[PDB]
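Input: a single structure, listed below in structure tokens.
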Amino acid sequence: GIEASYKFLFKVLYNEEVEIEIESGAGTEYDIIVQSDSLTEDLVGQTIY
Amino acid sequence: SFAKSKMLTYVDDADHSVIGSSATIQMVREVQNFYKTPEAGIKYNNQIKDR
């Protein structure tokens, strides 16, 4: 169930490249500046668009 | 759960010269957000007096 499970899974299984998308993913860092007012912060982890 | 009595045990314990002690507690929940309550809202799980 780890990510690496997925990718490895076909390596043994299908010996062919797969990729599976989670939003968090490996890439992490952020540049903009937000002006809002007292948002619940529950949205931390929850995407916007 | 927190107990003002069970805490009071050890504050009793500290010296042995303390003849008595007592206190008036206020829970404090500090809030990140003013303008909007968290839409869900905070709760103390513990009812409070009016005002």
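Letters for chains follow the order of the structure tokens (A, B, ...), residue numbers begin at 1 for each chain, and ligand numbers begin at 1 in the order shown.
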- request: Residues of chain A near chain B: apply a cut-off of 12 Å, count only C-alpha atoms, and supply the list as number ranges by chain.
  value: A: 36-43
For stretch 2-8 of chain A: contacts at 12 Å, only C-alpha atoms, fewer than 4 positions along chain excluded, given as a compact mmCIF listing (two decimals) with N, CA, C and O atoms, in the first residue's frame:
# COMPACT_ATOMS: atom_id res chain seq x y z
N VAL A 12 8.14 -6.12 -10.82
CA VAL A 12 7.94 -7.56 -10.73
C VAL A 12 6.84 -8.00 -11.70
O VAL A 12 7.07 -8.77 -12.63
N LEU A 13 5.63 -7.48 -11.51
CA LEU A 13 4.49 -7.96 -12.28
C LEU A 13 4.66 -7.74 -13.78
O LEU A 13 4.92 -8.68 -14.53
N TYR A 14 4.55 -6.49 -14.20
CA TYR A 14 4.52 -6.16 -15.61
C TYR A 14 5.86 -5.72 -16.16
O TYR A 14 5.92 -5.31 -17.32
N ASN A 15 6.90 -5.69 -15.31
CA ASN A 15 8.26 -5.20 -15.65
C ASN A 15 8.21 -3.99 -16.57
O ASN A 15 9.02 -3.85 -17.49
N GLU A 16 7.25 -3.10 -16.33
CA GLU A 16 7.04 -1.97 -17.21
C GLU A 16 6.69 -0.78 -16.33
O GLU A 16 6.14 -0.94 -15.24
N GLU A 17 7.01 0.42 -16.81
CA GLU A 17 6.89 1.61 -15.98
C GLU A 17 5.43 1.99 -15.76
O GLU A 17 4.62 2.03 -16.69
N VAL A 18 5.11 2.32 -14.51
CA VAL A 18 3.83 2.90 -14.14
C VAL A 18 4.10 4.13 -13.30
O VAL A 18 5.15 4.26 -12.66
N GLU A 19 3.15 5.04 -13.30
CA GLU A 19 3.12 6.11 -12.33
C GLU A 19 1.69 6.33 -11.88
O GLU A 19 0.76 6.20 -12.67
N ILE A 20 1.52 6.64 -10.60
CA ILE A 20 0.22 6.84 -10.00
C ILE A 20 0.23 8.21 -9.33
O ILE A 20 1.20 8.56 -8.66
N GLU A 21 -0.84 8.97 -9.52
CA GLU A 21 -0.86 10.37 -9.12
C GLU A 21 -1.60 10.56 -7.81
O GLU A 21 -2.80 10.30 -7.72
N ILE A 22 -0.87 11.04 -6.81
CA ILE A 22 -1.45 11.69 -5.64
C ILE A 22 -1.05 13.15 -5.73
O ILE A 22 0.00 13.49 -6.28
N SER A 24 -0.33 15.44 -3.28
CA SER A 24 0.84 15.74 -2.48
C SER A 24 2.12 15.34 -3.19
O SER A 24 2.99 16.18 -3.45
N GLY A 25 2.24 14.06 -3.54
CA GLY A 25 3.36 13.61 -4.34
C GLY A 25 4.69 13.92 -3.69
O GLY A 25 4.79 14.24 -2.50
N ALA A 26 5.73 13.82 -4.50
CA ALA A 26 7.06 14.17 -4.02
C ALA A 26 7.25 15.67 -4.01
O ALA A 26 7.83 16.22 -3.06
Residue B:2: which residues within 12 Å, counting only C-alpha atoms, same-chain residues fewer than 6 positions away excluded, as a JSON list (two decimals) with C-alpha atoms, in the first residue's frame?
[["chain", "number", "residue", "atom", "x", "y", "z"],
["B", 8, "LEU", "CA", -3.81, 19.98, 43.66],
["B", 25, "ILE", "CA", -9.18, 27.92, 36.75],
["B", 27, "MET", "CA", -9.78, 27.03, 30.37],
["B", 46, "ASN", "CA", -17.20, 21.15, 28.68]]
task: Return as a list in words the full set of residues in chain A whose backbone-based DSSP assignment is alpha helix (DSSP H).
output: residues 3, 4, 5, 6, 7, 8, 9, 10, 11 and 12 of chain A
Shell of 12 Å around residue B:18, only C-alpha atoms, local chain residues under 6 positions omitted, as a PyMOL selection string: chain B and resi 8-12
Selected residues, C-alpha atoms, written as a compact mmCIF listing (two decimals), in the first residue's frame, please.
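Just written: out.txt:
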# COMPACT_ATOMS: atom_id res chain seq x y z
CA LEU B 8 -3.81 19.98 43.66
CA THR B 9 -2.31 16.80 45.08
CA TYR B 10 1.21 17.57 43.96
CA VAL B 11 1.09 21.27 44.72
CA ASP B 12 0.22 20.07 48.17
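Here the question is which of B:23, B:42, B:29, B:17 gets nearest to residue B:5 using only C-alpha atoms, and that residue is B:23.
What separates atom CA of residue A:35 from atom CA of residue A:49 is a distance of 15.0 Å.
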message: I'd like the interatomic distance between atom CA of residue B:6 and atom CA of residue B:21, to a tenth of an Å.
response: 12.8 Å
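Separating atom CA of residue A:46 from atom CA of residue A:33 is a distance of 17.1 Å.
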